[PDB]
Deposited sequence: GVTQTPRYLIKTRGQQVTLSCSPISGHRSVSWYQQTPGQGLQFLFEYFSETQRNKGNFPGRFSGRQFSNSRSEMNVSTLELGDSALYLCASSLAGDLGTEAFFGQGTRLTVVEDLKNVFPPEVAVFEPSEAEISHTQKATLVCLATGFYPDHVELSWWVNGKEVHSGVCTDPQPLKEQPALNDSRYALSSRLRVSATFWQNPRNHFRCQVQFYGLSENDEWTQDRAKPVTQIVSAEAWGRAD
């Protein structure tokens, strides 16, 4: 697939970021997308062998360029609050109408106005009740990733140390702990249902702050890290 880096990123207002996209082996056309929860999926700009062929409706601070080997890069310099979205890259053969369009997994960005609001998630896993065991003869586990912002969390359940898509049902959207202010402290949750050697682990991979961003606040620095809660 179209491998994309960085996978998830956090910055502040006015800071510069650069995203990288590499198309499929042999693909020479590249498109850029931005996915906002409100406005949907917006087209950014499309490159084709060192040539930007098409562009979307975005301010002048969204720029990209493609090298000779079809690799393309996207960078954003002046970060406004509307820059919080998931950034997608696409590939093609030559821009054929029927060549399909292989999209990437995207990069999600959110712009904190102040560094002090970035926190590492507090993640705990709640053991299943015996009431469920007596009722449906099964077990469900309720994880809680609380107090993290922004919500650039990849909450993946790793049962016996490996990612599982069977029995896992993680919230499509974390709920805001305090919705009064523009920022938040989102508290996530997840339900893993199975039928004591199992290792149901609610890994909430927080993609926090980078090394470039200088920090002046007193407390600890929550850079990208792993916050694992196991039961």
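Judged by missing C-alpha atoms, the gaps in the deposited chain sequence fall at residues 196-201, 238-242, listed in sequence order.
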